[PDB]
Amino acid sequence: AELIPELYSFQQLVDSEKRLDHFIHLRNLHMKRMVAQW
Amino acid sequence: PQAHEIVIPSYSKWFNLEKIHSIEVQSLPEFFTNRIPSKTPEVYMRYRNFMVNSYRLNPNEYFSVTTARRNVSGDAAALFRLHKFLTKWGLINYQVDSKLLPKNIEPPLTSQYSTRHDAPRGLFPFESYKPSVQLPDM
Amino acid sequence: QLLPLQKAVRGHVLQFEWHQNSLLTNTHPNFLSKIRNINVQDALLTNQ
Amino acid sequence: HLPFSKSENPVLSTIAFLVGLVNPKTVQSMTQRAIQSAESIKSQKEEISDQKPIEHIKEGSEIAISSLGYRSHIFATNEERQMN
Amino acid sequence: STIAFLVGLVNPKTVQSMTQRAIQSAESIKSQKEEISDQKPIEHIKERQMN
Amino acid sequence: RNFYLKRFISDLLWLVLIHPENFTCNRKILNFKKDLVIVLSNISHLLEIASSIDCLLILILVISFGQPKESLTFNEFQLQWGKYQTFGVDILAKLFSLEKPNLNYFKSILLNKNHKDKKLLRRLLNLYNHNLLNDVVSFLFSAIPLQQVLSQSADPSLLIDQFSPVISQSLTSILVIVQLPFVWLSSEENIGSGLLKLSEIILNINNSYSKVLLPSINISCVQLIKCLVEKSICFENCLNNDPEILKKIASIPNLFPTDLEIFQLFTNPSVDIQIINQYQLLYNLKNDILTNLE
Amino acid sequence: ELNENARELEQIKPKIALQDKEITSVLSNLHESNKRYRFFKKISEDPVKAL
């Protein structure tokens, strides 16, 4: 389920670029809604 | 004198004809706020033991609250309350009826206790090889 | 000479009390999560 | 063992010091700061002058070096872990 | 100990598990000074964790 | 009426969410949340004795689900994993239909931004930091779109369609409860509204389960008009924003069914009188906005 | 043109699917490595208790 696309909850977030690739995925969802409504 | 075999639904095995328990007070508090002087834990216990003795005498046949009411009273209301209470807790009028069974048998039986895998406390089914003897024992 | 006896009855009562600490953590059955969807009755009930 | 008078059966072997040395050599800390080390034989002189417990002092030293080798491998490994 | 705290079960034995059988003699202070030496060696051989 | 059961629910809630650590396995927490919301689903009558605390509790319980990330805070749930997020809105409708002057009223006080109980309440709201019920809106906006309107047919819709209408019902109901210092608008490149395309879908279905279709489309249209007008008049009353709002409102592709569709509608089905009026007044407000814009 | 766009979107889809597979893979590997690191640092803490 939720496991399948991601697991990022907390990993000590060492070198916390996980927020950034997070945002990347978020904007992917953004583009998804975009293309759908288009 | 004793002339009967008296059983009780085990969970009740907290009651003692001698003492009282937090259970009943939480179920019959009206004798413990010490507000109504005509009531007290003492008269409560009196009633209690009286009634349980009465039932245990000839428990094969039923016993009514009305009976006790005729016998002794300080109140109808509380009398009924506690009587029906003990009824619920089966301390009274529990063995009013009898039920029986032939009870055919099955591979498990109470007199069956053999050697077999065990969930209980430790046990060792394998003792020692030869070189174990090689120790300067105690 | 009595020791094994006490050990035995000890194990008896021990297993007995241990049995109390068993509350089906061992398994994890389904608990009748029937309502896959809320049926028609639910919606029309809300409206009604 | 020592925490277990019940020891493995043997008549001529070597068990504890073996793993001790395995962990020791594993440490690779050629300058391991630890219980007294070697710069002049007087170090060993004073060590023997101090080594007087039956084994307990020796045992403490052993487990100390054990922990030491561990810690070293741990640091290195976890570094590689974060790398990965 | 290893057996003195385990029965009807045990760690396997083909690797260096006897380290367990020598479980403790000075645990607290030993490990403390060991951490001291570990950090010390870290700082020494050192002279952020990336290039 | 099992006042005991309700006390249990209350204090159990008050723990599970304000939980100083005594629970071992988080999975136990999930189980609790889960079967709790389920047993709630099987209630369709009063609740909320010593309400306010309990009301906020239940709201946080339903808000438990759905992925967070102003704008909508909730990525709509990709409906192939969960089934509880359902139960959430199910209850937030059923156990909220009672317009009795208690429950609705408790949430109305929750609009705001023994006696120590009151201290508690605000104590949590600032301990949830503006407003918050917008989060409830966003949550309600999940599980409806973006999958059925993205499918290959409208038949597999009907299943979750059965589920859908209670959501819109809840929404429009809470919009009776918003008629004071706020900043609220919820059509900002966040959802648009496929509601129109959805309505078209169910319409084409009509002229080609059951018993829920017409009410769903009707209330969808009503939702549209009401949220539109309420937004407009709200930011009118505040008047903290430029008239661009109109232009802004006038700038939605998901909006205002084309008058040609109105016309062709006015002919074929002839079995949707009330719906015809819905679309009629909708288009009326549309044309009004167009005119009075200039 | 809508048909063309749909066709080319479908054209690109399976590459995305492959990338998602890779995502799952690397995620699981990340996960295992995380477990290992947790274990190891906990050993670093005070090996007596961890052992």
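Residues in region F:73-96 that are in a loop (DSSP other than H, G, I, E, B), at the interface with another protein chain (Cβ under 8 Å from one of its Cβ atoms) and touching a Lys or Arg at 6+ places or on another chain (Cβ under 8 Å): how many?
1
Tell me the residue from F:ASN190, F:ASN207, F:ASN218, F:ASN241 that is surrounded by fewer than 12 Cβ atoms within 10 Å (Cβ to Cβ), over 14 Å from the mean Cα position of the chain (by Cα) and more than 20 Å from F:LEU111 (Cβ to Cβ), please. Spell out the reasoning first.
Values: F:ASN190 fails: surrounded by fewer than 12 Cβ atoms within 10 Å (Cβ to Cβ); F:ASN218 fails: surrounded by fewer than 12 Cβ atoms within 10 Å (Cβ to Cβ); F:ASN241 fails: surrounded by fewer than 12 Cβ atoms within 10 Å (Cβ to Cβ).
Every option except F:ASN207 fails the conditions.
Considering every residue within region F:98-112, establish whether at least one is within 30 Å of C:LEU24 (Cβ to Cβ) and in a loop (DSSP other than H, G, I, E, B). It would help to see each step written out before you state the result.
Going through region F:98-112, the residues within 30 Å of C:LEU24 (Cβ to Cβ) turn out to be none.
Checked against the condition, which is being within 30 Å of C:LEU24 (Cβ to Cβ) and in a loop (DSSP other than H, G, I, E, B), region F:98-112 yields no hits at all.
Enumerate the helices (runs of 4 or more DSSP H) found wholly within chain D, keeping only those where 2 or more residues are of a type in the set (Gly, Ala, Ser) and facing another protein chain (nearest Cβ under 9 Å).
Answer list for chain D: D:16-27, D:56-83.
Looking at (1) closer than 24 Å to F:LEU185 by Cα; (2) assigned to a helix (DSSP H, G or I), find the lone condition where F:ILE262 falls short.
(1)
Is there any pair with a first residue in region C:19-48 that is closer than 25 Å to F:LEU46 by Cβ and a second that is assigned to a helix (DSSP H, G or I) and acidic (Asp, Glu) whose Cβ atoms are under 6 Å apart and which are 6 or more apart or on different chains, and what are they?
As it stands, the answer is C:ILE38/F:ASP90, since those pairs meet every condition given.
If I ask for residues that are touching a helix residue (DSSP H, G or I) at 6+ places or on another chain (Cβ under 8 Å), more than 22 Å from F:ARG1 (Cα to Cα) and among the aliphatic types (A, V, I, L, M), which ones from region F:13-45 would you list?
Once the filter is applied, which keeps residues that are touching a helix residue (DSSP H, G or I) at 6+ places or on another chain (Cβ under 8 Å), more than 22 Å from F:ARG1 (Cα to Cα) and among the aliphatic types (A, V, I, L, M), region F:13-45 yields F:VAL16, F:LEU17, F:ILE29.
Name the single residue, out of those in region G:30-48 being at the interface with another protein chain (Cβ under 7 Å from one of its Cβ atoms) and hydrophobic (A, V, I, L, M, F, W, C), that is nearest to the chain's Cα centre (by Cα). Quick ask: steps written out before the conclusion?
So the first thing to find is which residues in region G:30-48 are at the interface with another protein chain (Cβ under 7 Å from one of its Cβ atoms), and the list is G:31, G:33-34, G:36-37, G:40-41, G:43-44, G:46-48.
Now narrow it down to the ones that are hydrophobic (A, V, I, L, M, F, W, C): G:40, G:43, G:48.
Working: G:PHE40: 21, G:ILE43: 26, G:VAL48: 34 Å.
My answer is G:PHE40.
Check C:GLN41 against each of (1) more than 24 Å from F:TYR84 (Cα to Cα); (2) assigned to a helix (DSSP H, G or I) and name the one condition it does not meet.
So the condition that C:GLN41 fails would be (1).
With respect to F:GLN169, is the statement that it is closer than 25 Å to F:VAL89 by Cβ, out of contact with any strand residue (DSSP E or B) (no Cβ under 8 Å at 6 or more places or on another chain), within 14 Å of another protein chain (Cβ to nearest Cβ) and buried (at least 16 other Cβ atoms within 10 Å of the Cβ) true?
On the way: closer than 25 Å to F:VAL89 by Cβ: yes; out of contact with any strand residue (DSSP E or B) (no Cβ under 8 Å at 6 or more places or on another chain): yes; within 14 Å of another protein chain (Cβ to nearest Cβ): yes; buried (at least 16 other Cβ atoms within 10 Å of the Cβ): yes.
So F:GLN169 passes the test.
Could you list, in sequence order, all residues of region C:21-40 that are in contact with a helix residue (DSSP H, G or I) (Cβ under 8 Å, 6 or more places away or on another chain) and of a type outside the set (A, V, I, L, M)?
C:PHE31, C:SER33, C:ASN37, C:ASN39 - these are the residues of region C:21-40 that are in contact with a helix residue (DSSP H, G or I) (Cβ under 8 Å, 6 or more places away or on another chain) and of a type outside the set (A, V, I, L, M).
So which residues in region F:8-39 are assigned to a loop (DSSP other than H, G, I, E, B) and of a type in the set (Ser, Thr, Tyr)?
F:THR24
For G:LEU27, all conditions in the list (1) closer than 30 Å to E:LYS30 by Cβ; (2) more than 9 Å from chain D (Cβ to nearest Cβ); (3) in contact with an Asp or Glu (Cβ under 8 Å, 6 or more places away or on another chain); (4) not aromatic (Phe, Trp, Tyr) hold save one; what is the number of the exception?
Result: G:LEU27 fails condition (1) only.
Looking at (1) part of a helix (DSSP H, G or I); (2) among the β-branched types (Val, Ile, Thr); (3) under 28 Å from the mean Cα position of the chain (by Cα), find the lone condition where B:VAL133 falls short.
Status for B:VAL133: all satisfied but (3).
For region C:17-48: of the residues being at the interface with another protein chain (Cβ under 7 Å from one of its Cβ atoms) and hydroxyl-bearing (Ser, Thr, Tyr), which is farthest from F:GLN162 (Cα to Cα)?
By that ranking, first place goes to C:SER33.
Scan F:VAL136, F:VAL212, F:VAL149 and give me the residue that is among the β-branched types (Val, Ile, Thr) and either surrounded by fewer than 17 Cβ atoms within 10 Å (Cβ to Cβ) or in contact with a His (Cβ under 8 Å, 6 or more places away or on another chain) (or both). Give the steps one after another, and end with the answer.
Values: F:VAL136 fails: either surrounded by fewer than 17 Cβ atoms within 10 Å (Cβ to Cβ) or in contact with a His (Cβ under 8 Å, 6 or more places away or on another chain) (or both); F:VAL212 fails: either surrounded by fewer than 17 Cβ atoms within 10 Å (Cβ to Cβ) or in contact with a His (Cβ under 8 Å, 6 or more places away or on another chain) (or both).
Sole residue among the options that is among the β-branched types (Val, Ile, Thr) and either surrounded by fewer than 17 Cβ atoms within 10 Å (Cβ to Cβ) or in contact with a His (Cβ under 8 Å, 6 or more places away or on another chain) (or both): F:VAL149.
Kindly establish whether F:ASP117 is loosely packed, with under 15 Cβ neighbours inside 10 Å, more than 27 Å from F:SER187 (Cβ to Cβ) and in contact with a helix residue (DSSP H, G or I) (Cβ under 7 Å, 6 or more places away or on another chain).
yes
Which of the residues that make up region F:40-65 are assigned to a loop (DSSP other than H, G, I, E, B), over 23 Å from C:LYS34 (Cβ atoms) and either within 14 Å of chain C (Cβ to nearest Cβ) or touching an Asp or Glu at 6+ places or on another chain (Cβ under 9 Å) (or both)?
F:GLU48, F:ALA50
Taken together, the values in this text are just the output of simple stated rules run on the coordinates, not laboratory data. Cβ sites come from the backbone with ideal geometry, for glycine too, and all protein chains shown count toward neighbours.
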